[PDB]
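Single chain ahead, by itself, as C-alpha cells, in the form deposited in one PDB entry.
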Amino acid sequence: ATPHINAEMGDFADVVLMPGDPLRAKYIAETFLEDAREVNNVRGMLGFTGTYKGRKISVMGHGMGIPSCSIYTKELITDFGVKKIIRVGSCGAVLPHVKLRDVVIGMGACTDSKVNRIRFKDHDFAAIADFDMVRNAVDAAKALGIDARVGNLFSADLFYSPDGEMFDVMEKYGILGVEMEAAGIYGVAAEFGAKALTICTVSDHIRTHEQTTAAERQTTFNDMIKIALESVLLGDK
C-alpha cells in the first residue's frame, strides 16, 4: 500500500489506463474488461484490474491536474511495478482544422506548470511520450479505421485561465489539444524510468461552434479506449 493507493503489489497490471474521472475508470473496466475487480478506492480514486482479450489490464482515475496525476503515476511505477501508463482523456481544441471528436495522440506535451523546470534545472525539458507506445496507438487506430492526429498537447494548470491570450499562442505553435495532465505524466515517466502516452478526444473547441451528438461523442470516446487497449496488444508483440 501507498499513501494514496490501498492495494498490494501485483494488484495492478503492468499497464494502466487512466482517465481523469474515477467514475470513468469504473465505466472503462465494466465496458471493456472481463472479470474486472476494484483494487483501489482511497479518496474515491477507483482503480480496477481485469483482462482485455486475455491480457491483464488495469484502469484507474488520475484526478484533474499535474499535481494529482503525478502522485498516482509515481506510486504506480515505483510501488506497483507498472511499466506503462496510458492516459485516456478529453481535451479542448484551438486549431480550426481539429474538430470535435478528433482523436489526438500527444507525442509531446507543452505546459505552463513549473514541475519539469524544477526537475530539469530550470531548462526546457521536452515532455514526450514513449515512441513505441505512440507508434502502437497510431497502428491500432489505423486497424480500427479511426483517424488520429499526432502532435503536441498543452497541459494547463488553470482550466480557467486569467490570460486567454495564451490560446492564440497555442494555435500559432500548432498545439492539437489543451488538457491538464500529459506533461506531468511524461515528467514522472522520465523521472522514474517508465513509459507513458496520452491520448485524448476533443470534447470542446476553446474558440468556436461545432455540433455533434452524445451518441457520437460517446462512440468516439470508446474508440479512444479501443485504441489504447489494442495498442497494448501490439506493444506486447
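Quick note: we count residues from 1 along the sequence shown, nothing fancier. Only the largest set of C-alpha atoms that superpose within 1.5 Å between the two forms is called the rigid core. Only residues modelled in both forms are compared.
From this point on, the text means the form deposited in another entry, which you will not see here.
With the core held fixed between this form and the one not shown, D35 has its Cα displaced by under 2 Å. In the core-superposed comparison between this form and the one not shown, the C-alpha atom of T219 has shifted by at least 2 angstroms. Annotation for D168: C-alpha shift under 2 angstroms between this form and the one not shown, rigid core superposed. In that other deposited form, the CA atoms of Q211 and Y160 come closer by at least 3 angstroms compared with the shown structure. Compared with the form shown here, the Cα atoms of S155 and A214 sit 3 Å or more closer together in that other deposited form. After fitting on the rigid core, only one stretch of 3+ residues whose CA atoms all move by 2 angstroms or more between this form and the one not shown is found, at 209-220.
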